[PDB]
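Only one chain comes next, encoded as structure tokens, the form deposited in one PDB entry.
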């Protein structure tokens, strides 16, 4: 077909309108054959158009979803990766300023964003700074004017996204203004949380819930179903979600904010200045935590003064620490769970200082290593203790249910061992292992600590298999010696 014959954007220039119709249908058959097709199917037409008007890469086309760039990838071979939502525009603004200062204003920067990217404060920040200049920036919006016109920008549209000639005409018209222009194109872990919250609320009416335009994935829809006046979808407004919960908490209520782990860095200043500064009882619930995105939640929350963070190991513990979080009314609290299914329960042998002991060194073995299991790494921590038992090394496996602040239990147990090893589903920089090491050195305890977790960069490659973690620990115990 003609797709096989597309060597690059320049091969699209001399095509007929009928040939472009078959090329579009061929790309759609390709997109179906190699997989979000709606975005994809729309960008198919809009991209065939934006490559017949602009000369990529000399005219930088900056896609935002990273998904809409697929058809652009098939025609070029390149996307230009991940970034904060609604930032293509801010890349565009900065790129146009760079071109002016180096004498390359001849280059037209075009930002192709979806309707969902129009929301967000950064989008509002970028559109305000672009409108404040007569720098040439072309914002293409794929929908699936009054605002933009009052915003101080030219508006071109609405344009039917499936009429390639209509997009091409509007695009050439946008390349003409030499000024900013908008081209409008028309085209059971979680289940445990839900049940637990519902019951906690059937019993207390100070509980309410907030979500950043994702109650379905986060399992809050049910709360709205049973308590509709207590679920508050704030749309894509993490910064506003956190501070409304601060206001809701100043109103006598106890908010529960559900935000994905990787999307928490956005509301950080609102966690420090609005919730932690005033010691307000807000409960944050962090799904998509771990590699079971995220990787930094434990570190970021450890920076938050007076915070209490929990990482459930099983569904039963999820129900337990939720009620404990909802009963803290003098500061923020946090829960962290993975995005997989909840495995079988893991029973504890005893509770010392709030710390759950999940395994003890067998009779005849010494208290050699205290294995602090963080998040859902508890199953692997038991398997490491099962390998180290076969070698003669005695392991105490513990789940500090509340990771932050480091509980007195872990401190009491660490002095009774020769090596402390933390195992967290988080980045090692400033993570749970670091906080443990800091907490016992603050208590004049100098037991050697080792942090095992995700790297500080961007599962067998990571060494996070019970066989390799046992090797590492074996190499650590050997350098320490014998005794008790």
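Numbering follows the first chain given and starts at 1. Take the two forms, find the largest set of C-alpha atoms that superpose within 1.5 Å, and that set is the rigid core.
In terms of unmodelled positions of the deposited sequence, the chain runs continuously from residue 192 to residue 193 in this entry. Unmodelled deposited residues between residue 80 and residue 81: 10 or more, per the record. Stretch comparison (211-219 versus 154-162) by mean CA B-factor in the PDB entry places 211-219 on top. Of the two segments examined, 174-182 and 394-402, it is 174-182 that shows the higher average Cα temperature factor in the deposited entry. Among 364, 251, 114, 331, the highest C-alpha B-factor in the deposited entry belongs to 114. Of the candidates 227, 91, 99, 124, the deposited coordinates give 227 the top C-alpha B factor.
Among all modelled residues in its chain, residue 347 ranks in the highest third by Cα B-factor. In the deposited entry, the Cα temperature factor of residue 59 sits in the bottom third of values across the chain's modelled residues. Ranked by C-alpha B-factor against the other modelled residues of its chain, residue 457 falls in the highest third.
When all modelled residues of the chain are sorted by CA temperature factor, residue 129 is found within the middle third.
Placement of the Cα temperature factor of residue 13 within the chain: middle third of the modelled residues, per the deposited record.
The following text describes the form deposited in another entry, which does not appear among the structures shown.
Of the candidates 253, 179, 87, 382, the Cα that moves 2 angstroms or more after core superposition between the shown form and the other one belongs to 253 alone.
Here residue 234 counts as shifted, since its C-alpha moves by at least 2 Å between the shown form and the other one after the core is aligned. After superposition on the rigid core, displacement of the C-alpha of residue 102 between the shown form and the other one stays below 2 Å. After superposition on the rigid core, the Cα of residue 361 moves by less than 2 Å between the shown form and the other one.
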